[PDB]
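So the structure is just underneath, and the comments pick up after that.
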């Protein structure tokens, strides 16, 4: 050990307490002009703190306000240098700053239940995907229709080789009672297309906005669940002629207890309903889609689907 | 403590308490599972 | 010490204080060196892997508590009475309670005689009238327990819904019990709580299971624990027979809890739902964790 | 489709943050795979309807933690035995023990063991149970036979379309056609006969337009799904002959020669599962068995498959070339292999192995996740074969 | 059912003979009350006088018969017996050319 | 001593200094005689041979570390809090970090409870408030490791090439990880480094493997270690299914390093590559090896 | 004296001296006794 | 008779060959003088170089043959061989209809 | 390497000579197996002695004539001294198969 | 020294370390060697 080296040491930090290194710990003979500085860095070496010691004849005293050290995390590595006059700095101690204080894990961590979610669906790959769970008619009731005759992207609907109605539940649930759904939809022919929010695990009860198109039945309803394939109209219908590529936003506001549907970029709800007798809360945050057609051909089908927590 | 006693006898394996009849019956059961469905009914 | 109190309630209901304030008042004290008493015995499974062996899971083992007591009195006749009472406080078929009281509360373990006790010294015990009994008891359920929390919800409406507040303060998962009255269609929560034991941790976060419609007089006990059958009708009817390959799969994971929804429909005379939630711990005492 | 530029913009131009985002996504995919691998199985017991109707009726569920031990093999074209050991205090063990002496119950029980949320299923009939005593501790060891044992008890008479004790002409029944179609057709004809020969057989059973839509197939316990005679893509043909031989014995040689697989699935409509592609596929009852002959090896296909390879350049594609008389087949390597990847390999969440493009190579080295028990090779034995007798 | 009469009062051959019906119970939950009535099919008297392991003359009964619970070796032996007899019968029923 | 510092970071994020500067400030110190702690256990294999037995290979075994800690405080209630916190710092399912810091740097080992801890003396622990806990922990990955070396190369060109400097300063081989953006076809090095495990030592000196052509949005992670699947796409597509039996076979051997080449082709946007080189060691501290 | 030594090893059973050859031969002899009289003479 | 030649002067293949008659004795009361003469049927040369169990090249003779003392596995295998051959012969002797 | 070597025939003969070739055990390779005991891998090789060739040599009703044309009579019968007749049956079958 | 310890345990034979798995596998291998050549190819 020919060359002098630092002594590995540790520092203690507390939230709300002033950081202080007493003078009787940094002894030695310090001539006038000696300067001591303490440097705190992170795992990458970035300096997250620097302080100056009060060098005296035989002691060095450190005293910083708690706000100066509140940003220094546990595990941040420190380095104490003493510089005699007309000399290069000499490191006396180095090590780690541990925090001796009440520990709050819940403050730093965020639970998966306490996280807003946002889901997308494009149907451009011509496959259903693992995120949609068929309901009402069982496995294999869903399908993708190309709509190659017109310049349109593939849409999702019932398996018209077997069924004329179907439902699909988004595999994962939401994390809020309030929810926004944005659907870009195509009106190929006559049918009924339900956007379903606040659904239970088996889609027995839910709120929904139903777009119905036909020879003379182009309108929008607010529906409640009676099963994945059954529903009950609530309130009066609103006339609406769906065109190919139409974007509808179904927003359920929990604190308002109101499910509304806006068409395109309109700032006024196309339809609106409030005070529906449907359970809400944990276990009632699933979402999905449903289709019902008289003929075995696509009616109103969603090309693009989007869901997000909150309104 | 563990190294050099029963905790390493366990690593040795079936040196102390271990029975022959149960092992033979287990081997017979595995063979019976393998061969029973392919034996004829006659 | 006054920081720890150990009691026994026998198969016959006798109350003994083995350690702590008031120990030895019934004549029996607890000797040192008791084993497998604090931590629940767990064996961890390991399977071969590229860098040795890979973790494969854990299996909790039943507790095998070997301890010793000392039965003492001033006269041999009363000593014999005390020893007989201590032996009567135990059995093989039926279990007796062993309570530990600390600043963290009171937690009990149900224990039974694993083998015959080993009493007395080499000479006849009437000489000393102060003799030790070596007890080898076992806990089939290895978790220390507190009294389970019971919640009652009675409704007169045909259709109703409630939110049961549920929370797991222990360090191990617990299995819920439901007592549902009949008639009526019940929907009970089976939330995964993030548990991924069926590869559906996020899919079953808000999972609800619908019990079969109950006819009049068919009150059901719905116990989620693997030891008991899920559905038991009080009248012996096969209620599980009408339930179409469905079950309660998820316990209450530690540190998790919410207002679980219970729904009742088609109930001409209302209905009552009781939720029993056990409080299971792996240690006789521990500070709450979250 | 989050592009690199989009991810970098979301991370505000920090390459390290963007790559940590990508690493987190990869980690969550790996964690999903591990959870799927380590998921517990779902063991469920079902029974026949006590009144004698169709549809299996749910008895109960055995917990994996509540089992003592279990063993379930899946074999290629071979029946296998599943073994499940329970404590006798278990409620399903008690039910099974009371079953023989319960006069209100049918005596047949079906086990269904589901892995990966029902994606893999082992279903089979009860073979027996045994009350075994290990050191005065009693447990119930229950043995099931997998659902391929039905083909042992299905047999093909010389004339499956006519009453058996009256006239069975000719001496043997012979059906020739594409391999999958002919095997499936033999099985279906025998299923028709044993269900009662109630209706008239069309020329091609799997030409679904030939079957009337008013027909009810709900009482059938077994079904067979296959393509029609013209639509079958089996490259090779087959001739199957029988004189009261069991169906599995009839089809074993053809399955081995064509490298075909019999897949059975018990459709639990109580779980929402449905079936399609066979007559009466919409009205099938709960727990009805469906058979399908598949080409999982793809050895006889026009594009061939992988028969060999090396760890430094992957698999090597070969195609079968038939010599004089088509008795002999050799392998010719495709020097310029230009087979397109399956469309399934471009779908999110896909994990299966397509027959045309095998991908799974399991490597053993110093750091290996598997253990290799034994690898044995043996050369061919006899150059020539004689078959005959009387002509 | 397989039973071993160690020191029970039952006297094989005297109380019960081969082929005669007897009932038996097993102390397993759900079937305590049931009595499985089978005709006695096997009874073996065995003893070992060796110094190492010594067992007095003891009887083991097997009531009822089952092809399923038969050992694989015994199943193969019985099947071989039946196949050999059937092969002899077919060969003797062959019509000469 | 001040030449060595041992810490535990529990499953809950708690920080304990068991030895070194500032040890025992959280109430728990480390008792002597800790085993299977320094060298990674390895068993060597031997086949019968003409001169006895012939060397067949080596296998690294998982670490089974048995060590004792001592939890202490002036008053029994604070001792109980300390003991509960120490218990909460450990688990069977999830691993906690064990960091050793010396003049060679800080290396961590991930350890989990192999079985239940054995706490306290023969008498109740509140008498002393200074009690030992015997811990049998296990390291499924038995190598001490440091933070890996990470390098990034982004480009805008449709076709480009780069060289990553790589060097194994440890005593054990390490397995490289890549993070590759999409779209684009990548050529990744799989240099043997002269390793003769496949009898292709200098045959595979400059081996490069072509990843399958990634479609838009299919950013992949390519981990060469055997614990994990090689190709995993972030969008869930089965990239390895299109990779016809190919794999990364060779680890970075100790003492070996070079400028490994990475090639990108058919990338209209111009992609990015990240290389992660682990720092695995068989000992808590060791001088760098050349 | 007896409890805790060879006298309880005897209760343990075949943990100390017991060889596999005699057990295998005895099981083979039992199987041969069971199956030999029913094997055909051909 | 089963014999194991450990270090005996007998050299199998040289002194005695397969099919050649030889006598053997057993040291049992009442048969010491008797010499059982059988033609040698089997001779196996076996060795094990493993460190745990090292067994130098040793010869084991079996003189004479008996179906009674044959192992059950060997008996079943030989029976299966004969039955398969007889089945082939009967099937080829079948007369067509 | 034999199974995957395309330049080699797949049949192998072992000859074990005792006493300088006076005693000889010769046979064809039946199979081999790579077996692992405690991560230690060895190769066990099974050969069939040369008497197995007589299992694969069979006697048709008329060994001197083509088989798929006419094999008369129904069975082939040869009578003579024991050694000569056995050797003669074997030789005629070897002649036919060559 | 040798008489009365592990050196006489070796005389005892397979009392200490000895497993059933390889013994059963070796017995099966010997039986397979005996019976495999005589088993028919059918």
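Here the chain labels run A, B, C, D, E, F, G, H, I and J in written order, and each chain numbers its own residues starting at 1.
Rule of thumb we're sticking to: a contact is a pair of C-beta atoms (placed from the backbone, for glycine too) under 8 Å apart; a residue touches a chain by one contact, two chains touch by 3 or more.
These two copies of the sequence, subunit G and subunit J, are related by a rotation of 120 degrees on CA atoms, to the nearest 5. Separating the CA-averaged centres of subunit D and subunit J is a span of 40 Å. Annotation: 67 Å between the Cα-based centres of subunit A and subunit G.
Here the CA centre of subunit A is 31 Å from the CA centre of subunit F.
Look at where the CA atoms of subunit C average out and do the same for subunit D: the two points lie 43 Å apart. Multi-chain contact residues of subunit H (touching two or more other chains): 71-72, 76, 79-80, 83, 93-95.
In subunit B, the residues that reach two or more other chains under the touch definition are 18, 20, 32, 36.
Annotation for subunit F: residues touching 2 or more other chains are 12, 57, 59, 225-227, 236. All chain pairs that count as touching, in label order, are A-C, A-D, A-F, B-D, B-E, B-F, B-G, B-J, C-D, C-F, D-E, D-F, D-H, D-I, E-G, E-H, F-H, F-I, G-H, G-J, H-I, H-J, I-J.
Taken in their complex, subunit B has these residues touching subunit J: 12-15, 18, 20, 23, 27. Across the interface of their complex, subunit D is touched by residues 57-59, 150, 152, 154, 179, 181-182, 197-198, 200, 204, 207, 215-217, 219-221, 225-229, 232-238, 240-247, 249, 269-272, 274 of subunit F. Only residues 2-3, 5, 12-15, 17, 20-22, 25-26, 101, 147, 236 of subunit F touch subunit A when the two sit together in their complex. If you check the complex, the residues on subunit B that touch subunit E are 28, 31-32, 35-36, 39-40, 42. Residue ranges on subunit E touching subunit G, taken from their complex, read 71, 73-74, 76-78, 80-81, 84-85, 88.
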